[PDB]
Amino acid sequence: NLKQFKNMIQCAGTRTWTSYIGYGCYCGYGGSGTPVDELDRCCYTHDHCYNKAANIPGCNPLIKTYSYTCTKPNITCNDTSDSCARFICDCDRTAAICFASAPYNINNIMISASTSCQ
């Protein structure tokens, strides 16, 4: 679920979830336009991943509790049988690692209302 995604974020990276709350055109709730950079691209993919999760029976991306472990900075998704669980854990793990590896452009914090996200 979301609380797990937040912990995965700090597991895999140096920045916590709050630094992404309002980044670019896609980090944080919804969004539109072209993802401004790699990081934004990360959030763009994650949004879609969550959308697809809904296409799975009894699967809610924000409340679904999955199984995972953190051996800082390593994240491991343990689910195999529970498809919904494995799918969402993958979404989050992917995003968490993506966030960690991508550069954070302070120039792109707060642009969702600018030409950039049109």
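Each residue number is its position in the shown sequence, starting from 1.
**Report entry** Of 27-35 and 82-90, the stretch whose C-alpha atoms average the higher B-factor in the entry
**Finding:** Averaging CA B-factors over each stretch, the winner is 27-35.
Report task. Going by the average Cα B-factor in the PDB entry, point out whether 17-25 or 93-101 comes out higher. Result -> Taking the mean B-factor of the alpha carbons in each, 17-25 is higher.
Requested in this report: Just grab whichever of 63, 49, 43, 75 has the top CA B-factor as deposited.
Outcome: The C-alpha B-factor peaks, among 63, 49, 43, 75, at 63.
**Report entry** Where the record places residue 9 (Cα B-factor, split into thirds across the chain)
**Finding:** Its C-alpha B-factor belongs to the lowest third of this chain's values.
Requested in this report: For residue 70, return the chain-relative third of its C-alpha B-factor as stated in the PDB record: lowest, middle or highest.
Outcome: Middle third - that is where residue 70 ends up once the chain's C-alpha B-factors are sorted.
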